[PDB]
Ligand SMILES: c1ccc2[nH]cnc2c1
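Only one chain comes next, encoded as structure tokens, the form solved without the named molecule.
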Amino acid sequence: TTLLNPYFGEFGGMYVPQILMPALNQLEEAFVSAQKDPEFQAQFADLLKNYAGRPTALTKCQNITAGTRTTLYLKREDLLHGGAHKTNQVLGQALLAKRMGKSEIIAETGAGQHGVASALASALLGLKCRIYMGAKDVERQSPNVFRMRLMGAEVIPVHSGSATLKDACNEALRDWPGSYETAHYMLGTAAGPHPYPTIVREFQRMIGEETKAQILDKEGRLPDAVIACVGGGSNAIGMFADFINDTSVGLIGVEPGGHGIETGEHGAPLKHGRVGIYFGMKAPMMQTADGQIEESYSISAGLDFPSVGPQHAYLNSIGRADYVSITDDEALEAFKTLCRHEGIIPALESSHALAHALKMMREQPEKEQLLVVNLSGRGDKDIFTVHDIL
């Protein structure tokens, strides 16, 4: 029994061991209750405005587009507190954990930005936060590991399987059945078992709501297409949700194509993998031919989640959004173009979204088109990766 539907056409579900069903049902109950509670809605709004710094700007990029009939805006989740959009939905899930009377947070992290997010929200809101991070990723993400510790969180390295993000997601799912009476699992994307894909969409949907009011204000009409990178799907489904019922607006998600699709070293399971059941849900996965789960490759460490949210797989299957890919060198090019022509250093995750917009403009430079790219975070943290490559 559930109160809301766990599936998006065939994708989604609750594929977890039986002993975790009460945790999910309790969390779905609490969330439905909070979404009807105006004191909750005011509490959330106020941290997002006076703590996180919403709304965030929508910036027109006129130097980029000169000489073409593309007008491009960038929605500036890189100016949110912590540097990426992941801060909006951790403040919401922290407040839901306090609503349920919980005092502790579990979270998983790959490149470490969800760990940083979840540690800041726990510090501000008085929760004791422990974070699982695969050991290969802790070794390569020192700056992130130390920010999480500065902010009070316990960082636990995970050495099993591949010692990367899927392995810490397994370790979070091992802990929570013994601790759910007092700890909340703050899952860090729009994926995993129901009700997480719903919760995280609804706690990110203000990116798209602010984009609509800001574009109407500045251009008097909605975008031709709104473009977002897709690692597990939260910043993309947060920009798309308010525009799904506006059928003229294109929704385009961009997966990492790594070294190239045809190399097999990429991260694009929505268009290039195969549906499987893992982490709680039925959705496209990076997996071997006999069913073992594999890792996603990108130059961008944040696009490492080896599946995708099930609402993305559903909106692709009915054709209301389209999904493409962008390779490592396409992303690196767009990150350099943006620094030198607009003074904005973007995250190499976001760079994937901007690359695809730059190809939509450059292949057909006299097509009139109004594009928004979700600039999901800033790119201070990439400047030495982009240093050493070049």
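Note that residue numbering begins at 1 and tracks the sequence as displayed.
In what follows, reference is made to the form deposited with the named molecule bound, a form of this protein that is not presented.
With the named molecule left out of view, the stretch that reaches within 4.5 Å of it through heavy atoms in the deposited complex is, among 162 to 170, 242 to 250, 95 to 103, 261 to 269, 162 to 170.
When the named molecule is considered in the deposited complex, only one residue from 257, 223, 208, 188 comes within 4.5 Å through any heavy atom, namely 188.
The named molecule is not drawn, but in the deposited complex it has no heavy atom within 4.5 Å of residue 184. In the deposited complex, the named molecule sits beyond 4.5 Å of every heavy atom of residue 385. Using a 4.5 angstroms limit between non-hydrogen atoms, residue 389 is distant from the named molecule in the deposited complex. Contact annotation for 277 to 316: residues with any non-hydrogen atom within 4.5 angstroms of the named molecule in the deposited complex are 302, 305, listed in sequence order.
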